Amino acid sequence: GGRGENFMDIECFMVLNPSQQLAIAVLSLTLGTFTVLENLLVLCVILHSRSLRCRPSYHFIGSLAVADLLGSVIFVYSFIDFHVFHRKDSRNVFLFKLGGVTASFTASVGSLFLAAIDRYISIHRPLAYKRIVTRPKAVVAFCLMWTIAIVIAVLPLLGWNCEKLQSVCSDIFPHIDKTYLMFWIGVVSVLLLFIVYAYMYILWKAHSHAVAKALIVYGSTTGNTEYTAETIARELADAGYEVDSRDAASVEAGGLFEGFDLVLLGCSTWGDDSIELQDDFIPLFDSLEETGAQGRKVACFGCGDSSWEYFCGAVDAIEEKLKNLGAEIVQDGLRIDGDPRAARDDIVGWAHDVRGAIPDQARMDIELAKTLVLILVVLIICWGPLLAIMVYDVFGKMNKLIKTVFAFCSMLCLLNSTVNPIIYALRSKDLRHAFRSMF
């Protein structure tokens, strides 16, 4: 060529111009540069803090984030190198760009593979897991994995080709050998098929010991016990519980506590002359034996005022019935005098003591399993469609329609690298603190 065989030179069927050309250009460039910076931000907090670069779990995030960065950098580079300067790509300069993107996804799948192995060791060798998967072990596994990932990108650059082999070309990518894609597609397809199976088994094994779901049922008229429950809700949410907070007026007692292994009942006391539970709680209290409390871990809280004869008599009545039902009361009830906002240190302190009802390792294994499946599903949603396009290319021919959706499916591949740093921020509670360490 000619017009040039250039990276990001797609068929570009244009419904509207030049607003599309102008607006999509700025939009796509801004999206790309945002990714490079936000994945550069993830790379920073990890290398910056020692409490994380010694963890084997952050050798997994850092690997993903530098894979996301390798691709987002190639995106912005090739976008500004062609849509702004209109420069031409030779054979090697083209394959290097494409190989970089290919390497970014390879290492991403390779990282999810190593994570599955770590979880398999945690499942099969829970006792000695800490001494098996160590910082020097994790570095070697990831360094090896990247060299295997890089090698595949360079293989096309180096040997496999249309030009060098005079082989059948790919209808999507210039210079690319069709039989190389079969090898590439098959390798990642097998790995992903295993990772999908593994991540399901990992998550299933993580629920065999414990689920990490807390239930909070509160009865409140003024809102003091609602504020108390919402405060307890966020402390348990940070500590790795899937917290479900419900007003007593909206629940049915039958089988209420099923599926939860921590249940926190809160109720205010309204003894005008006697002792009475908050009215929305009474229906639950009267049918409490239907909830499934026997053997379950529970604890009570409630707002009251000491100038009444029976200070927080409601939590007394609930705890006594929970004892009579064979519930496992984890600790003594929280009794808040006066305004709960003026006693927040106790509410948070109590929630911290209740937190230990389920061991840290069980909750941590569940959020690790939950986090991995989210990374995986996002990766299948974004990169999946593009892979399906490449499958259409190798076996049979393309279609005019598949060449058009490819322009938008390839943009899905980019926003996978943008939401992964967002996923790390929402689930890795330690990364948030390391971030705030640098203000």
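One-based numbering along the sequence shown.
- Taking the mean C-alpha B-factor of each stretch as recorded, 155-163 and 260-268 are not equal, and the higher mean is that of 155-163.
- Look at the mean CA B-factor for 166-174 and for 303-311 in the entry; the higher one is 166-174.
- When the C-alpha B factors of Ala407, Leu387, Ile380, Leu64 are read from the deposited coordinates, the top value falls at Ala407.
- In this structure the maximum Cα B-factor among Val354, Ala239, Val93, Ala206 is found at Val93.
- Compared with the other modelled residues of the chain, the Cα B-factor recorded for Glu367 ranks in the middle third.
- Among the modelled residues of its chain, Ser274 has a C-alpha B-factor that falls in the highest third according to the deposited record.
- For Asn224, the recorded CA temperature factor ranks within the lowest third of the chain's modelled residues.
- When the modelled residues of the chain are ordered by their C-alpha B factor, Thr134 lands in the lowest third.
- Ranked within its chain, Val84 lands in the highest third, by CA B factor from the PDB record.
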